[PDB]
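File shown: my_file.cif. Contents: mmCIF, C-alpha atoms.
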```cif
data_target
loop_
_atom_site.label_atom_id
_atom_site.label_comp_id
_atom_site.auth_asym_id
_atom_site.auth_seq_id
_atom_site.Cartn_x
_atom_site.Cartn_y
_atom_site.Cartn_z
CA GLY A 2 16.09 -24.46 26.21
CA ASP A 3 17.36 -27.23 28.49
CA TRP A 4 19.15 -29.85 26.39
CA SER A 5 20.45 -31.73 29.42
CA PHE A 6 18.65 -35.04 28.86
CA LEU A 7 19.54 -35.27 25.18
CA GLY A 8 23.05 -34.43 26.31
CA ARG A 9 23.15 -37.37 28.70
CA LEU A 10 21.95 -39.81 26.04
CA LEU A 11 24.31 -38.50 23.36
CA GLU A 12 27.26 -38.54 25.76
CA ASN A 13 26.50 -42.20 26.32
CA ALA A 14 26.42 -42.58 22.54
CA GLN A 15 29.95 -41.22 22.19
CA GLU A 16 31.55 -44.25 23.87
CA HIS A 17 29.83 -46.72 21.53
CA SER A 18 30.75 -44.83 18.37
CA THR A 19 33.56 -44.29 15.91
CA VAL A 20 36.14 -41.53 16.33
CA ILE A 21 34.47 -39.62 13.49
CA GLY A 22 31.18 -40.09 15.32
CA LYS A 23 32.67 -38.52 18.44
CA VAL A 24 33.78 -35.61 16.26
CA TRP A 25 30.24 -35.35 14.89
CA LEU A 26 28.75 -35.25 18.38
CA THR A 27 31.27 -32.61 19.42
CA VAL A 28 30.15 -30.51 16.45
CA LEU A 29 26.51 -31.03 17.38
CA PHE A 30 27.04 -29.95 20.99
CA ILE A 31 29.34 -27.01 20.26
CA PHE A 32 28.59 -25.47 16.88
CA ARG A 33 24.83 -26.16 16.82
CA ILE A 34 23.32 -26.38 20.31
CA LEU A 35 25.66 -23.94 22.05
CA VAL A 36 25.56 -21.39 19.22
CA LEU A 37 21.77 -21.52 19.22
CA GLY A 38 21.51 -20.98 22.96
CA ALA A 39 24.34 -18.48 23.42
CA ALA A 40 24.02 -16.42 20.23
CA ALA A 41 21.12 -17.08 17.86
CA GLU A 42 18.18 -17.15 20.27
CA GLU A 43 18.98 -13.55 21.25
CA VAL A 44 19.21 -12.53 17.57
CA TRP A 45 15.71 -13.86 16.88
CA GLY A 46 14.18 -12.71 20.17
CA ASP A 47 12.74 -9.47 18.78
CA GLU A 48 11.66 -10.98 15.46
CA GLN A 49 7.99 -9.98 15.68
CA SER A 50 8.33 -7.24 18.30
CA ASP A 51 10.56 -5.19 15.97
CA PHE A 52 8.84 -6.27 12.73
CA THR A 53 7.33 -3.05 11.37
CA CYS A 54 4.85 -2.47 8.55
CA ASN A 55 3.99 0.90 7.02
CA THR A 56 0.21 0.98 7.44
CA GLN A 57 -2.55 1.99 9.84
CA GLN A 58 -4.47 -1.23 9.29
CA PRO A 59 -5.12 -3.34 12.41
CA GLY A 60 -3.95 -6.91 11.94
CA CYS A 61 -1.68 -6.26 8.97
CA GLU A 62 1.61 -6.64 10.86
CA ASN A 63 0.44 -9.92 12.38
CA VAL A 64 -0.57 -11.53 9.08
CA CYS A 65 2.49 -10.14 7.31
CA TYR A 66 4.95 -11.38 9.92
CA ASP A 67 3.17 -14.73 9.80
CA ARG A 68 3.44 -14.92 5.99
CA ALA A 69 7.09 -13.87 5.92
CA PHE A 70 8.11 -16.27 8.72
CA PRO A 71 5.74 -19.24 8.87
CA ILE A 72 8.30 -20.99 11.11
CA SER A 73 11.17 -19.23 12.82
CA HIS A 74 14.66 -20.27 11.76
CA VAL A 75 15.65 -21.07 15.35
CA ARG A 76 12.68 -23.43 15.76
CA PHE A 77 13.63 -25.09 12.48
CA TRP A 78 17.15 -25.59 13.86
CA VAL A 79 15.81 -27.08 17.10
CA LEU A 80 13.78 -29.59 15.09
CA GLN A 81 16.77 -30.35 12.87
CA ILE A 82 18.93 -31.09 15.92
CA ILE A 83 16.29 -33.42 17.36
CA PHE A 84 15.75 -35.35 14.15
CA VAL A 85 19.42 -35.74 13.27
CA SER A 86 20.04 -36.95 16.82
CA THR A 87 17.20 -39.49 16.94
CA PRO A 88 19.00 -42.17 14.84
CA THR A 89 21.98 -42.04 17.18
CA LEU A 90 19.56 -42.64 20.05
CA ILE A 91 18.07 -45.64 18.22
CA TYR A 92 21.49 -47.20 17.68
CA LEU A 93 22.54 -46.50 21.28
CA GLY A 94 19.36 -48.16 22.52
CA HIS A 95 19.97 -51.23 20.39
CA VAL A 96 23.52 -51.38 21.77
CA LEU A 97 22.32 -51.15 25.38
CA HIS A 98 19.72 -53.81 24.58
CA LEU A 99 22.42 -56.19 23.36
CA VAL A 100 24.44 -55.45 26.50
CA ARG A 101 21.45 -56.34 28.67
CA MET A 102 20.98 -59.48 26.58
CA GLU A 103 24.60 -60.45 27.24
CA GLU A 104 24.12 -59.89 30.97
CA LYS A 105 21.01 -62.09 30.96
CA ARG A 106 22.94 -64.91 29.27
CA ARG A 137 32.25 -54.08 19.30
CA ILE A 138 30.56 -53.09 16.04
CA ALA A 139 29.70 -56.26 14.13
CA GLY A 140 26.72 -58.29 13.00
CA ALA A 141 23.38 -56.64 13.69
CA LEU A 142 25.01 -53.59 15.27
CA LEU A 143 26.93 -52.93 12.06
CA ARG A 144 23.76 -52.86 9.96
CA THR A 145 22.14 -50.65 12.59
CA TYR A 146 25.13 -48.29 12.62
CA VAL A 147 25.12 -47.98 8.84
CA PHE A 148 21.38 -47.31 8.92
CA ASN A 149 22.01 -44.73 11.65
CA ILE A 150 24.53 -42.89 9.48
CA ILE A 151 22.16 -43.16 6.52
CA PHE A 152 19.16 -41.75 8.39
CA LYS A 153 21.32 -38.97 9.82
CA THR A 154 22.44 -38.10 6.30
CA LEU A 155 18.93 -38.12 4.82
CA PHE A 156 17.44 -36.04 7.62
CA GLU A 157 20.48 -33.77 7.32
CA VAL A 158 19.98 -33.14 3.57
CA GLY A 159 16.22 -32.86 3.99
CA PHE A 160 16.36 -30.00 6.43
CA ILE A 161 18.95 -28.20 4.30
CA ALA A 162 16.81 -28.41 1.16
CA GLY A 163 13.62 -27.48 2.98
CA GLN A 164 15.22 -24.35 4.38
CA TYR A 165 16.48 -23.44 0.91
CA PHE A 166 12.97 -23.71 -0.52
CA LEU A 167 11.34 -21.85 2.37
CA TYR A 168 13.84 -18.95 2.88
CA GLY A 169 16.72 -19.27 0.44
CA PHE A 170 19.89 -18.34 2.31
CA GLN A 171 19.52 -14.56 2.68
CA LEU A 172 16.94 -12.54 4.60
CA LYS A 173 16.32 -9.24 2.86
CA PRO A 174 15.33 -6.18 4.90
CA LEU A 175 12.12 -5.48 2.94
CA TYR A 176 9.13 -7.82 2.79
CA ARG A 177 6.22 -6.78 0.59
CA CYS A 178 2.95 -8.19 1.88
CA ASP A 179 -0.51 -8.31 0.29
CA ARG A 180 -2.28 -10.61 2.75
CA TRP A 181 -5.73 -9.65 3.96
CA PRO A 182 -6.43 -7.35 5.84
CA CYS A 183 -3.47 -5.34 4.57
CA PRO A 184 -4.84 -2.91 1.97
CA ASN A 185 -3.21 -3.24 -1.54
CA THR A 186 0.65 -4.20 -1.00
CA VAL A 187 2.35 -2.90 2.16
CA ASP A 188 6.04 -2.52 2.92
CA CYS A 189 7.22 -4.34 6.04
CA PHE A 190 10.69 -4.31 7.55
CA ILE A 191 12.67 -7.13 9.11
CA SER A 192 14.60 -6.99 12.36
CA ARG A 193 18.35 -7.65 12.13
CA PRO A 194 18.39 -9.14 8.60
CA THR A 195 22.18 -9.07 8.18
CA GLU A 196 22.97 -10.77 11.50
CA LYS A 197 20.28 -13.34 10.75
CA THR A 198 21.86 -13.95 7.35
CA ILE A 199 25.29 -14.43 8.94
CA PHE A 200 23.88 -17.06 11.28
CA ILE A 201 21.80 -18.73 8.55
CA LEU A 202 25.02 -19.22 6.61
CA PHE A 203 26.98 -20.30 9.68
CA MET A 204 24.44 -23.04 10.37
CA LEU A 205 24.35 -24.07 6.72
CA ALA A 206 28.13 -24.49 6.84
CA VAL A 207 27.96 -26.49 10.07
CA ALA A 208 25.30 -28.70 8.48
CA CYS A 209 27.50 -29.28 5.42
CA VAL A 210 30.43 -30.17 7.69
CA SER A 211 28.17 -32.72 9.39
CA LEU A 212 27.33 -34.22 5.99
CA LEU A 213 31.03 -34.51 5.19
CA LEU A 214 31.67 -36.23 8.52
CA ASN A 215 28.91 -38.76 7.87
CA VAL A 216 30.32 -39.49 4.41
CA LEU A 217 33.71 -40.04 6.03
CA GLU A 218 32.11 -42.46 8.49
CA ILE A 219 30.55 -44.49 5.68
CA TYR A 220 33.78 -44.67 3.68
CA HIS A 221 35.91 -45.34 6.76
CA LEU A 222 33.75 -48.33 7.64
CA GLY A 223 33.79 -49.47 4.02
CA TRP A 224 37.58 -49.20 3.86
CA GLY B 2 -16.67 35.57 -0.93
CA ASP B 3 -17.98 39.10 -1.47
CA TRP B 4 -19.64 39.30 -4.89
CA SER B 5 -21.02 42.79 -4.28
CA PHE B 6 -19.15 44.63 -7.03
CA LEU B 7 -19.89 42.06 -9.71
CA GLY B 8 -23.46 42.27 -8.47
CA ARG B 9 -23.60 46.02 -9.02
CA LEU B 10 -22.26 45.73 -12.57
CA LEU B 11 -24.54 42.83 -13.50
CA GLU B 12 -27.58 44.58 -12.02
CA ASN B 13 -26.77 47.48 -14.31
CA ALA B 14 -26.54 44.95 -17.14
CA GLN B 15 -30.08 43.72 -16.51
CA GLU B 16 -31.69 46.97 -17.67
CA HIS B 17 -29.84 46.95 -21.00
CA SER B 18 -30.67 43.33 -21.78
CA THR B 19 -33.39 41.10 -23.15
CA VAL B 20 -36.03 39.51 -20.94
CA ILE B 21 -34.29 36.15 -21.39
CA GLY B 22 -31.07 37.87 -20.37
CA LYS B 23 -32.70 39.08 -17.16
CA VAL B 24 -33.77 35.48 -16.53
CA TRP B 25 -30.19 34.36 -17.13
CA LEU B 26 -28.83 36.89 -14.64
CA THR B 27 -31.44 35.83 -12.09
CA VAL B 28 -30.24 32.24 -12.52
CA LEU B 29 -26.63 33.34 -12.13
CA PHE B 30 -27.32 35.26 -8.92
CA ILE B 31 -29.63 32.69 -7.33
CA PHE B 32 -28.78 29.18 -8.45
CA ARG B 33 -25.02 29.66 -8.86
CA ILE B 34 -23.64 32.40 -6.60
CA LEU B 35 -26.08 31.99 -3.72
CA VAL B 36 -25.91 28.19 -3.75
CA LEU B 37 -22.12 28.34 -3.71
CA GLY B 38 -22.02 30.73 -0.76
CA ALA B 39 -24.90 29.34 1.28
CA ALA B 40 -24.50 25.60 0.65
CA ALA B 41 -21.50 24.35 -1.32
CA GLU B 42 -18.66 26.22 0.37
CA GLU B 43 -19.55 24.49 3.64
CA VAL B 44 -19.66 21.09 1.91
CA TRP B 45 -16.11 21.54 0.59
CA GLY B 46 -14.73 23.21 3.72
CA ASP B 47 -13.29 20.02 5.23
CA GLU B 48 -12.06 18.61 1.91
CA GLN B 49 -8.41 18.17 2.93
CA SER B 50 -8.90 18.23 6.71
CA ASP B 51 -11.08 15.09 6.56
CA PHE B 52 -9.22 13.46 3.65
CA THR B 53 -7.71 10.31 5.15
CA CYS B 54 -5.14 7.89 3.78
CA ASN B 55 -4.27 4.49 5.25
CA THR B 56 -0.51 4.81 5.74
CA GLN B 57 2.14 5.95 8.21
CA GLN B 58 4.13 7.75 5.54
CA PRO B 59 4.70 11.49 6.12
CA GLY B 60 3.61 13.53 3.13
CA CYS B 61 1.44 10.86 1.51
CA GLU B 62 -1.91 12.46 2.39
CA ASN B 63 -0.75 15.82 1.04
CA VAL B 64 0.42 14.49 -2.33
CA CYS B 65 -2.60 12.20 -2.62
CA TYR B 66 -5.14 14.92 -1.87
CA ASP B 67 -3.29 17.12 -4.35
CA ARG B 68 -3.41 14.44 -7.07
CA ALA B 69 -7.08 13.62 -6.48
CA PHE B 70 -8.16 17.29 -6.40
CA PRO B 71 -5.75 19.45 -8.40
CA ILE B 72 -8.36 22.24 -8.28
CA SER B 73 -11.32 22.26 -5.93
CA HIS B 74 -14.76 22.12 -7.54
CA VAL B 75 -15.87 25.29 -5.75
CA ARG B 76 -12.88 27.24 -7.09
CA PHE B 77 -13.67 25.93 -10.57
CA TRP B 78 -17.23 27.23 -10.14
CA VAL B 79 -15.99 30.64 -9.00
CA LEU B 80 -13.85 30.90 -12.13
CA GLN B 81 -16.74 29.72 -14.30
CA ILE B 82 -19.00 32.43 -12.87
CA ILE B 83 -16.38 35.11 -13.50
CA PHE B 84 -15.68 34.07 -17.08
CA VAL B 85 -19.31 33.62 -18.11
CA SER B 86 -20.04 37.04 -16.61
CA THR B 87 -17.17 38.89 -18.30
CA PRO B 88 -18.84 39.13 -21.76
CA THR B 89 -21.91 40.72 -20.20
CA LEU B 90 -19.59 43.28 -18.61
CA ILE B 91 -17.99 43.98 -21.99
CA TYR B 92 -21.36 44.58 -23.63
CA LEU B 93 -22.55 46.74 -20.74
CA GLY B 94 -19.40 48.83 -20.99
CA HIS B 95 -19.87 49.33 -24.72
CA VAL B 96 -23.47 50.39 -24.03
CA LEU B 97 -22.41 52.91 -21.38
CA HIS B 98 -19.74 54.16 -23.78
CA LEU B 99 -22.35 54.83 -26.46
CA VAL B 100 -24.50 56.61 -23.87
CA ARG B 101 -21.58 58.86 -22.94
CA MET B 102 -20.98 59.45 -26.65
CA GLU B 103 -24.61 60.53 -27.06
CA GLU B 104 -24.28 62.91 -24.11
CA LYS B 105 -21.14 64.44 -25.62
CA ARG B 106 -22.95 65.06 -28.91
CA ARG B 137 -32.05 50.25 -28.03
CA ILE B 138 -30.26 47.20 -29.43
CA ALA B 139 -29.27 47.96 -33.02
CA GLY B 140 -26.21 48.54 -35.17
CA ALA B 141 -22.93 47.99 -33.36
CA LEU B 142 -24.67 47.07 -30.11
CA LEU B 143 -26.47 44.22 -31.86
CA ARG B 144 -23.23 42.68 -33.11
CA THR B 145 -21.75 43.15 -29.64
CA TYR B 146 -24.78 41.53 -28.00
CA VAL B 147 -24.63 38.54 -30.32
CA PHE B 148 -20.90 38.20 -29.63
CA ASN B 149 -21.68 38.46 -25.92
CA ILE B 150 -24.15 35.58 -26.12
CA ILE B 151 -21.66 33.62 -28.23
CA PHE B 152 -18.76 34.09 -25.81
CA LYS B 153 -21.02 33.23 -22.88
CA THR B 154 -22.02 30.03 -24.66
CA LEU B 155 -18.46 29.01 -25.55
CA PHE B 156 -17.11 29.69 -22.06
CA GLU B 157 -20.17 27.88 -20.71
CA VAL B 158 -19.54 24.71 -22.76
CA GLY B 159 -15.81 24.89 -22.13
CA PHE B 160 -16.08 24.75 -18.37
CA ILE B 161 -18.62 21.92 -18.59
CA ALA B 162 -16.36 19.79 -20.78
CA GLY B 163 -13.25 20.55 -18.74
CA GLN B 164 -14.97 19.44 -15.56
CA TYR B 165 -16.10 16.25 -17.27
CA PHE B 166 -12.54 15.44 -18.31
CA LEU B 167 -11.05 16.33 -14.92
CA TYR B 168 -13.62 14.71 -12.54
CA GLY B 169 -16.40 13.07 -14.54
CA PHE B 170 -19.65 13.77 -12.71
CA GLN B 171 -19.36 11.49 -9.65
CA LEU B 172 -16.89 11.58 -6.77
CA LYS B 173 -16.26 8.08 -5.50
CA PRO B 174 -15.40 7.53 -1.83
CA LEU B 175 -12.13 5.67 -2.52
CA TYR B 176 -9.10 7.18 -4.22
CA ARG B 177 -6.12 4.92 -4.84
CA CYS B 178 -2.88 6.88 -4.88
CA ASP B 179 0.64 5.85 -5.90
CA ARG B 180 2.35 9.24 -5.87
CA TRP B 181 5.74 9.54 -4.21
CA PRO B 182 6.32 9.38 -1.22
CA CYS B 183 3.38 7.04 -0.72
CA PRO B 184 4.81 3.50 -0.62
CA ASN B 185 3.32 1.11 -3.30
CA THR B 186 -0.54 2.09 -3.80
CA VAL B 187 -2.38 3.51 -0.76
CA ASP B 188 -6.11 3.75 -0.12
CA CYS B 189 -7.37 7.26 0.61
CA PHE B 190 -10.90 8.29 1.52
CA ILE B 191 -12.89 11.31 0.42
CA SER B 192 -14.95 13.58 2.64
CA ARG B 193 -18.67 13.80 1.85
CA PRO B 194 -18.55 12.21 -1.63
CA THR B 195 -22.33 11.79 -2.01
CA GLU B 196 -23.21 15.37 -1.04
CA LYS B 197 -20.45 16.59 -3.34
CA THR B 198 -21.89 14.48 -6.15
CA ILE B 199 -25.37 15.91 -5.56
CA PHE B 200 -24.01 19.45 -5.86
CA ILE B 201 -21.79 18.60 -8.85
CA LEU B 202 -24.93 17.44 -10.66
CA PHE B 203 -26.99 20.41 -9.45
CA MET B 204 -24.43 22.80 -10.90
CA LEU B 205 -24.18 20.81 -14.12
CA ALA B 206 -27.96 21.12 -14.49
CA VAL B 207 -27.87 24.86 -13.77
CA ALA B 208 -25.12 25.22 -16.38
CA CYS B 209 -27.19 23.33 -18.96
CA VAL B 210 -30.18 25.55 -18.19
CA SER B 211 -27.96 28.57 -18.83
CA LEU B 212 -26.96 27.09 -22.20
CA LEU B 213 -30.62 26.64 -23.09
CA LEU B 214 -31.35 30.24 -22.14
CA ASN B 215 -28.53 31.52 -24.34
CA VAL B 216 -29.79 29.44 -27.26
CA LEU B 217 -33.23 30.95 -26.70
CA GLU B 218 -31.70 34.43 -26.77
CA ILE B 219 -29.99 33.75 -30.10
CA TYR B 220 -33.14 32.35 -31.70
CA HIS B 221 -35.38 35.04 -30.20
CA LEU B 222 -33.20 37.75 -31.72
CA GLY B 223 -33.08 35.85 -35.01
CA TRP B 224 -36.87 35.49 -35.07
#
```
Can you present the structure in this file as structure tokens?
Amino acid sequence: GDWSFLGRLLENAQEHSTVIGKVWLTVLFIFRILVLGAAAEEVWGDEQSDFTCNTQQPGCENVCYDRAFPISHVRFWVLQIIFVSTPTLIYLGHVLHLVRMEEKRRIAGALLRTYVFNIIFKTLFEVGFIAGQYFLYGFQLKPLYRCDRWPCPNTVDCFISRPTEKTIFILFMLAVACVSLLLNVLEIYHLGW
Amino acid sequence: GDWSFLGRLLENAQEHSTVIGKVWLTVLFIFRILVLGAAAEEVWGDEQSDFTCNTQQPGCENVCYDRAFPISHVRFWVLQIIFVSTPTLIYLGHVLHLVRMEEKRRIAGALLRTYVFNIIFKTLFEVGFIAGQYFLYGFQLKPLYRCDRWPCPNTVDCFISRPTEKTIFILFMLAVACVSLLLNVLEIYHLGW
């Protein structure tokens, strides 16, 4: 996808942010957005095309792929990026609003509360997506999925495309997410002390 | 098949047999041999050809047809005919042997014991095939057979050719077999009294 606009806004955000925040935005751009576009989207491109079920039943592969993958991992990661970035956009907008207010007439007062809330929201959204992915997929895609959804007769064996590569990238993104959490914790403590 | 030779021998047997025995041989020829050749063999001709299993697994239809039908009904009926007819052949041979003995030099003495044993053996073989078929197939072929024999993955649904016609003929032959039993009982009692 085209992340250009979000890029513009977040680049603006870098200036009005802590050094650790600039590190966080670098991580977001490089290890999350760029990995997803350059590497992961191609991994998941044949997810349903090369999903195969051992059966002659029409409609079984469709319902089985749908039950195994209610949302694709890459779409989940898109949404995670958007939601962890939204607080930064809120804070940046409040900052620009105060600048416009000054013109009509760095981090302190209302902006400090807003920045702390921004880090907080980023952390909660962060953790939330991590836990949701754990409960939806664990952290390993196995090659076999056994499916008993109508119209499949009895239980059918279905086979995943590229499960090991997908597992590698699942874990890569989990690690990047954990690094982001650590960075946000560092921001909180660094402001505190 | 060509039952001509057995026919010759059994025709000979008719002369040296009771009236009820001639009825029994008429039943054998007409309602068992002729039905099998004229009607049933065509019913069972497509038994494996039109046996269908819902799967893509190579070898599953073969092992599933084999598990559902370890012996075909028509082959069972062939063997039943042969074995219920063998005692009559024994008795007829003993009779011809006594005739040859007389030439070298109706039912009484040794021939009477042999005739009673012939009826007995016919009755035991009769009942035995009936009970064996009950324990192997019951008396109704259902249209669905669920098969979990390797290499079939999990349980697969397989579908029988012509199950209702096959059931009709299964029951027809059961009835003919029971009529034969009744005739043999009548022979025993008629000799007794």
**Request:** Report as a ChimeraX atom specification the residues that result from applying the PyMOL selection byres ((chain B and resi 176) around 7) to the structure here.
**Result:** /B:174-175,177-178,188-190
Let's have the selection written as a PDB file, in the frame of the given file, with C-alpha atoms.
```pdb
ATOM      1  CA  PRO B 174     -15.400   7.530  -1.830  1.00  0.00           C
ATOM      2  CA  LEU B 175     -12.130   5.670  -2.520  1.00  0.00           C
ATOM      3  CA  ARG B 177      -6.120   4.920  -4.840  1.00  0.00           C
ATOM      4  CA  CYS B 178      -2.880   6.880  -4.880  1.00  0.00           C
ATOM      5  CA  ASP B 188      -6.110   3.750  -0.120  1.00  0.00           C
ATOM      6  CA  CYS B 189      -7.370   7.260   0.610  1.00  0.00           C
ATOM      7  CA  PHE B 190     -10.900   8.290   1.520  1.00  0.00           C
TER       8      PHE B 190
END
```
**Prompt:** If we count only C-alpha atoms, which residues of chain A reach to within 10 Å of chain B? Please list them as a ChimeraX atom specification.
**Reply:** /A:54-58,177,183-188
**Message:** Given all atoms listed in the file as the basis, pick out the residue of B:161, B:34, B:61, B:151 nearest to residue 7 (chain B).
**Reply:**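 Closest to residue 7 (chain B) of all the choices is B:34.
For the pair CA of residue 9 (chain A) and CA of residue 104 (chain A), the separation is 22.7 Å.
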**Prompt:** Which one of B:192, B:81, B:89, B:211 sits closest to residue 46 (chain B) if you count only C-alpha atoms?
**Reply:**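 Residue with the minimum atom-to-atom distance to residue 46 (chain B): B:192.
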**Item:** Neighbours of point (23.1, -22.7, 21.0) within 12 Å, using all atoms listed in the file, written as a count of residues only
**Value:** 27
**Request:** Can you give me, as a PyMOL selection string, the residues this file yields under the PyMOL selection byres ((chain B and resi 208) around 12)?
**Result:** chain B and resi 25+28-29+32-33+78+81-82+85+153-162+164+201-207+209-215
**Request:** Dump as a VMD selection string all residues having an atom at most 12 Å from (5.7, -13.5, 10.1), computed in the file's coordinates with all atoms listed in the file.
**Result:** chain A and resid 47 to 54 60 to 74 176 to 178 180 189 to 192
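CA of residue 171 (chain A) lies 28.8 Å from CA of residue 59 (chain A).
When CA of residue 87 (chain A) is paired with CA of residue 20 (chain A), their separation reads 19.1 Å.
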**Asked** Which residue, B:193, B:223, B:21, B:15, has the smallest gap to residue 143 (chain B) when you use all atoms listed in the file?
**Response** B:223
For region 5-19 of chain A, supply N, CA, C and O atoms and format the output as an mmCIF file, keeping the file's coordinate frame.
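Wrote it out as rebuild-v3.cif, contents follow:
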```cif
data_model
loop_
_atom_site.group_PDB
_atom_site.id
_atom_site.type_symbol
_atom_site.label_atom_id
_atom_site.label_comp_id
_atom_site.auth_asym_id
_atom_site.auth_seq_id
_atom_site.Cartn_x
_atom_site.Cartn_y
_atom_site.Cartn_z
ATOM 1 N N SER A 5 19.659 -30.892 28.533
ATOM 2 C CA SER A 5 20.450 -31.730 29.420
ATOM 3 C C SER A 5 20.210 -33.218 29.166
ATOM 4 O O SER A 5 21.158 -34.008 29.108
ATOM 5 N N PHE A 6 18.948 -33.621 29.024
ATOM 6 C CA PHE A 6 18.650 -35.040 28.860
ATOM 7 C C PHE A 6 19.222 -35.582 27.555
ATOM 8 O O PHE A 6 19.869 -36.644 27.530
ATOM 9 N N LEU A 7 18.938 -34.893 26.448
ATOM 10 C CA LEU A 7 19.540 -35.270 25.180
ATOM 11 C C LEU A 7 21.050 -35.325 25.308
ATOM 12 O O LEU A 7 21.703 -36.196 24.725
ATOM 13 N N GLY A 8 21.621 -34.400 26.076
ATOM 14 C CA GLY A 8 23.050 -34.430 26.310
ATOM 15 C C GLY A 8 23.504 -35.711 26.972
ATOM 16 O O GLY A 8 24.491 -36.317 26.563
ATOM 17 N N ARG A 9 22.802 -36.125 28.026
ATOM 18 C CA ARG A 9 23.150 -37.370 28.700
ATOM 19 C C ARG A 9 23.145 -38.538 27.720
ATOM 20 O O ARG A 9 24.122 -39.299 27.626
ATOM 21 N N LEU A 10 22.047 -38.696 26.982
ATOM 22 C CA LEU A 10 21.950 -39.810 26.040
ATOM 23 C C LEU A 10 23.064 -39.770 25.003
ATOM 24 O O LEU A 10 23.706 -40.787 24.712
ATOM 25 N N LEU A 11 23.311 -38.597 24.420
ATOM 26 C CA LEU A 11 24.310 -38.500 23.360
ATOM 27 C C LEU A 11 25.723 -38.714 23.900
ATOM 28 O O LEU A 11 26.583 -39.290 23.217
ATOM 29 N N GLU A 12 25.990 -38.242 25.118
ATOM 30 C CA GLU A 12 27.260 -38.540 25.760
ATOM 31 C C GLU A 12 27.463 -40.037 25.883
ATOM 32 O O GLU A 12 28.535 -40.564 25.563
ATOM 33 N N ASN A 13 26.436 -40.747 26.352
ATOM 34 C CA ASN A 13 26.500 -42.200 26.320
ATOM 35 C C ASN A 13 26.841 -42.701 24.927
ATOM 36 O O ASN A 13 27.668 -43.604 24.759
ATOM 37 N N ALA A 14 26.204 -42.119 23.909
ATOM 38 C CA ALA A 14 26.420 -42.580 22.540
ATOM 39 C C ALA A 14 27.879 -42.452 22.130
ATOM 40 O O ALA A 14 28.382 -43.261 21.342
ATOM 41 N N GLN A 15 28.573 -41.430 22.634
ATOM 42 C CA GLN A 15 29.950 -41.220 22.190
ATOM 43 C C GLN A 15 30.791 -42.478 22.395
ATOM 44 O O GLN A 15 31.484 -42.922 21.473
ATOM 45 N N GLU A 16 30.728 -43.075 23.586
ATOM 46 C CA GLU A 16 31.550 -44.250 23.870
ATOM 47 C C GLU A 16 31.372 -45.319 22.804
ATOM 48 O O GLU A 16 32.353 -45.843 22.265
ATOM 49 N N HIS A 17 30.131 -45.659 22.490
ATOM 50 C CA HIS A 17 29.830 -46.720 21.530
ATOM 51 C C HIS A 17 29.742 -46.168 20.119
ATOM 52 O O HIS A 17 28.773 -46.408 19.402
ATOM 53 N N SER A 18 30.758 -45.420 19.698
ATOM 54 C CA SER A 18 30.750 -44.830 18.370
ATOM 55 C C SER A 18 32.174 -44.675 17.869
ATOM 56 O O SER A 18 33.141 -44.732 18.632
ATOM 57 N N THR A 19 32.280 -44.472 16.563
ATOM 58 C CA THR A 19 33.560 -44.290 15.910
ATOM 59 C C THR A 19 34.151 -42.930 16.277
ATOM 60 O O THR A 19 33.463 -42.032 16.763
#
```
